[PDB]
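One structure is given here, and the rest of the page talks about it.
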Amino acid sequence: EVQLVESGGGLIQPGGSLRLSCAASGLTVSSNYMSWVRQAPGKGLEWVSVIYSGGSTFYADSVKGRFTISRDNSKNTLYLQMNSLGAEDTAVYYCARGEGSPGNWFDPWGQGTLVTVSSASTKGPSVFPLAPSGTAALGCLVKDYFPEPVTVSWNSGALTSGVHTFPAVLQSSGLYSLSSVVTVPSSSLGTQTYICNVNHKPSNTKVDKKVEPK
Amino acid sequence: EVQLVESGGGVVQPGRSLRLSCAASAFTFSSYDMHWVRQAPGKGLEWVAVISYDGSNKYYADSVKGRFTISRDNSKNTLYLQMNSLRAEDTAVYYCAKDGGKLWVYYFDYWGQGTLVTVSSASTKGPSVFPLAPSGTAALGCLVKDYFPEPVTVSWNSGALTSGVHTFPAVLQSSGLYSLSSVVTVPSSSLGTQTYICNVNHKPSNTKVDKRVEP
Amino acid sequence: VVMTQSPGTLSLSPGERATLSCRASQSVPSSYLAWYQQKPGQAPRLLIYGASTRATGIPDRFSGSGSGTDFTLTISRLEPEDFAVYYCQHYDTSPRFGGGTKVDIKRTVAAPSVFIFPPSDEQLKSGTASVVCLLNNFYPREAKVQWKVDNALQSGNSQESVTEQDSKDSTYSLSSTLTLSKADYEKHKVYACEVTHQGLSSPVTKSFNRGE
Amino acid sequence: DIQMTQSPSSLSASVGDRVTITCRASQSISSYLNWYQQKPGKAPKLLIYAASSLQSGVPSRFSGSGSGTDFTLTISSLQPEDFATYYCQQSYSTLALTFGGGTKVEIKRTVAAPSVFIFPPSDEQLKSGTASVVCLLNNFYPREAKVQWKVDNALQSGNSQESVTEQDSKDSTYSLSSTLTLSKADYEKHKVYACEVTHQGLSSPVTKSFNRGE
Amino acid sequence: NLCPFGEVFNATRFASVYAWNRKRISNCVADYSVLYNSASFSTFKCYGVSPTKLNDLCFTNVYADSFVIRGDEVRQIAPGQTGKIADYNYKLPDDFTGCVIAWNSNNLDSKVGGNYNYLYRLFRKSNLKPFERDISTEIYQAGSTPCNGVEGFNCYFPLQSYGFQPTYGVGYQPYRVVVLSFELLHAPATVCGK
Ligand SMILES: *[C@@H]1O[C@H](CO)[C@@H](O)[C@H](O)[C@H]1NC(C)=O
Ligand SMILES: [Cl-]
């Protein structure tokens, strides 16, 4: 039951500050090596910062002087204060127990949280149905949202087989858009209710769309 | 009244060697630590090496270690710096420094006057001296042009004309050589009566030039 | 100590043996080398540590070895779910990661199932029409999607998106979205996307008529 | 390596003013901080050793204080001959002695207009092939002076090199020499050779000119 | 008679950094000039005192601490440093007065199959005080559940081996370190230089 649950990601303007959280269960933050590792979109993994159990802190040269790692023992939570953010700081940030040295490897990892450094504004999505006509196809269109990400599930997670949620495309307007589809037998179209669960965390927008034939 | 007199600087090609000296006087030389400190042109000070009072212990900065060697001859009251495998970054003014003996740690209480070491593969060229004829007082001078390397010592009337003399710092023109200007303002009355001669001396090329300056 | 992973991408059929290399400019001890696996949309996971020690719960088909300037990760009996990026990682004065190696999985040719979706009436009342064309479960990735509106080929008003290789059947899926204003949408009747793919002996066209 | 940071990098004060220079250390150096004065073209001179001890022979207007990471050099009453560059230097790491970047102290002074003179190229110079026209600005303050060359009332830029002497220890004035270098073929092509001077102490720009061969 | 620095510098075997040795040197005449010219050293750094000045100084006691660490960790044996070695194994104060001497000992402290006799402390709840020595081998509790001296998940053995091999890179090779401390009390000195 060892979990690292992250929060704090989202949109921030260039030169602004943000603080990430890494709430832990199954291990004690103040007793371990705790690190932050980031991953720019489409790029590799970059170690960012570590805090030792005894309090020492270390930082990568790319973030020295702008980031600050800390922890709260009573909340069993790791933090990362990020100041003076620019476009190179836009990345998915992971927390992990350990440092990557012998007997001290990165394990376990948090789920990650995306940070977007942009001058634009947060915008919630609109959800439209993709209605069907052997097997049939249906889906949901999640259009005009910023920033990333959105997550889509079907029937609250009870429907997973044959689901395809596409990577977001950046429209010419500067807003993102994606579609989530799922293939089903044509017979269950009238005797099975399909609902797509769209979640846009950066704006607290949760939409449940029932998709039916027309 | 503690004196440190250095010598041995000049032109050296990259990869060659050069040996600096520094003679001490008027203090117990064989009981003090001695240092070398250098300064690149237009840059800051950089500590180079240290040698113990008896010459048995020697310590160097990482930037010159295994490449420079410090030594001393206490019977001659002289400190030495042997510089081998000289790179272009070694171009600097080198100082010898006495260690003040009032602390547990090093500090430089008396410095030598410095000697310039230029690591370059060029040739030492002598200067060309041209007059600057004058025309409410007047001003006249001499133009030291096309020489290499630094420095050149310019005086007026063999050291008799002191007040009102301005010797400008040299400028490295696009030809790789140096150009220098030295002027002096005199009253406009004594122009055809008093004689003015600038004394240019270029030790690297062994060139001494005296030029008449008349309107 | 720069770590260099090679190759960049690896394309092997299921059941084959994968060989991922991690070279080092200077010698790195075995006990300082580890491997991480990252599946699409997921966090990295510890695979091997100490060059050769398999992490807890990791299948036996993953094994590592090597020392000094040459480390190797081996995936015996490659499976479709092994589609991921793999990073080596070491520690000298700070943690350093390799560039990563993508492991693509080859499979037989699969023709796409094509579906076309009209814009919902909910979206039309907002003043914009999105027409969506779906290419479902095909291989290889190469495909051509052409929009034809009243038999006129459309260009400049469509965007595509492709999924990663599916972790169970190793196929791709593609969506093409044609975007129009409500006004321009009501001026035309026949909306069609034409699909050409290696698994199809002739192009496949899916179309609807606005209103019907 | 202990890095020493000096602030400010440069300052301007007038005679009698109180001058304080700050030197910070990347880590605690106890009290082993020394101050040096270096005049232009001269060897450094020890002023203060061990943070606050006055070196013998140093005038009483110099003093120092501080400990740990923050140190100060104070000139109680600035004198004209105090124009120099002042370095701090830590001695806690005796086998890795490091200096600060140095602080250049300049003397503030009332306005002084420059005496402008112009010189034609000599006859021994035209025998060689080159031809240099030298213009002299003498005993002025401040340093900021604009020297403009005009040949037949045509602006010249890129054919000359300026040179300024350091502040005079007696009267705290500067001096400028501009050397208009050109070939002999470019010398007899024109006639007028002027030197224009724009300075804060001139109610109207002054020009000293001569005609070639007159 | 002379102070016995040779029993520290020329010892055939060195201690692990977590259990670093210390030799109290008293009632002798210290000859530092011969000591510092006795061998070749890859690291020679002094703090608060010059190496050449020790020949004139008197101390109540002189301490010579010795241990083995890996090459990339020698930078931590200095005032104001942090890291696994300075935090959990051997710590110098910020106002440290003394010298730090290090030399490569790959030919002495590496083995064909890996020398697993040199260890360092990897896990510890808090940082060491200056000149503290922690030789505990208690199972480190990384979580809420106590270990009861049994290794397992979140229950780590506190020490880690270096596994020195002679074919490693210099950053991973063993280095012998000697630290000379100079205790100046308000008591009659017993160690003066010559
Ligand atoms: C170690 O032994 C050598 C001879 O092999 C000797 O010269 C040296 O002085 C000894 N070291 C010390 C600290 O005495
Ligand atoms: Cl998204």
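Residue pairs whose Cβ atoms lie under 7 Å apart, sitting 6 or more positions apart in sequence or on different chains, and linking a residue in the range B:110-122 that is over 17 Å from D:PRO40 (Cα atoms) to a partner that is polar (S, T, N, Q), are B:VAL117/B:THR91; B:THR118/B:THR91; B:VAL119/B:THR91; B:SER121/B:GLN13. Looking at A:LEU159, A:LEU138, A:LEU175, just one residue is within 22 Å of C:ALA129 (Cα to Cα), more than 19 Å from the chain's Cα centre (by Cα) and more than 7 Å from chain C (Cβ to nearest Cβ), and that residue is A:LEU138. Applying the condition of being of a type outside the set (A, V, I, L, M, F, W, C) and under 23 Å from the mean Cα position of the chain (by Cα) to the range E:175-192 and asking which residue is farthest from E:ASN21 (Cα to Cα) yields E:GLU183. Within the range B:1-22, the set of residues being closer than 12 Å to B:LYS98 by Cβ and outside any loop (DSSP other than H, G, I, E, B) comprises B:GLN3, B:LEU4, B:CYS22.
Those helices (runs of 4 or more DSSP H) of the range E:18-110 in which 1 or more residues are within 16 Å of ligand 1 (Cβ to nearest atom) and farther than 13 Å from E:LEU180 by Cα occupy E:32-36, E:106-109. When the range E:15-50 is limited to residues that are among the aliphatic types (A, V, I, L, M) and more than 11 Å from every other protein chain (Cβ to nearest Cβ), the one that is nearest to ligand 2 (Cβ to nearest atom) turns out to be E:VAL17. Quick one: in the range A:28-61, which of the residues that are closer than 19 Å to C:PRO44 by Cβ and among the hydroxyl-bearing types (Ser, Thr, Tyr) is nearest to the chain's Cα centre (by Cα)? Residue satisfying both the conditions and the ranking: A:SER35. Pairing residues of the range E:1-17 that are more than 15 Å from E:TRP103 (Cα to Cα) with residues that are within 16 Å of ligand 2 (Cβ to nearest atom) and part of a loop (DSSP other than H, G, I, E, B), at Cβ distances under 6 Å and at least 6 apart in sequence or on separate chains, gives no pairs at all.
Here is a yes/no grid of residues against (1) within 11 Å of chain A (Cβ to nearest Cβ); (2) surrounded by 13 or more Cβ atoms within 10 Å (Cβ to Cβ); (3) not charged (D, E, K, R):
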{"site": "E:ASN89", "(1), (2), (3)": "no, yes, yes"}
{"site": "E:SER105", "(1), (2), (3)": "no, yes, yes"}
{"site": "E:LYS111", "(1), (2), (3)": "no, no, no"}
{"site": "E:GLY114", "(1), (2), (3)": "no, yes, yes"}
{"site": "E:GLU151", "(1), (2), (3)": "no, no, no"}
{"site": "E:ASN154", "(1), (2), (3)": "yes, yes, yes"}
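Tallying residues that are in contact with a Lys or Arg (Cβ under 9 Å, 6 or more places away or on another chain), assigned to a loop (DSSP other than H, G, I, E, B) and not small (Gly, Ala, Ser) within the range B:40-63 yields 2. Only a single criterion out of (1) more than 14 Å from ligand 2 (Cβ to nearest atom); (2) farther than 23 Å from A:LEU18 by Cα is not satisfied by A:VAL198, namely (1).
Considering the range C:100-154, the qualifying strands (runs of 3 or more DSSP E), each wholly inside and each with 2 or more residues that are at the interface with chain A (Cβ under 8 Å from one of its Cβ atoms), run over C:113-117, C:128-138. Is it true that C:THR74 is more than 26 Å from the chain's Cα centre (by Cα), part of a strand (DSSP E or B) and more than 10 Å from chain A (Cβ to nearest Cβ)? Judged against the criteria, C:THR74 is not a match.
When the range B:70-101 is filtered for residues that are away from chain D (no Cβ under 14 Å) and not in a loop (DSSP other than H, G, I, E, B), the ones remaining, listed by number, are B:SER71, B:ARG72, B:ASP73, B:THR78, B:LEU79, B:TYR80, B:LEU81, B:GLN82, B:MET83, B:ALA88, B:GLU89, B:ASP90. Evaluating B:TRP36 against the criteria (1) buried (at least 17 other Cβ atoms within 10 Å of the Cβ); (2) part of a loop (DSSP other than H, G, I, E, B); (3) not β-branched (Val, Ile, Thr) leaves one unmet condition, (2).
The condition of being in the same structural domain as D:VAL19 (by CATH) and either among the hydrophobic types (A, V, I, L, M, F, W, C) or surrounded by 22 or more Cβ atoms within 10 Å (Cβ to Cβ) (or both) holds for only one of D:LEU155, D:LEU97, D:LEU126, that being D:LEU97.
The values are calculated or read from the model by the stated rules, or taken from the named source; no laboratory read-out is quoted. A quick note on method: Cβ atoms are made from the backbone with ideal geometry, for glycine too, and the neighbour counts reach across all protein chains shown.
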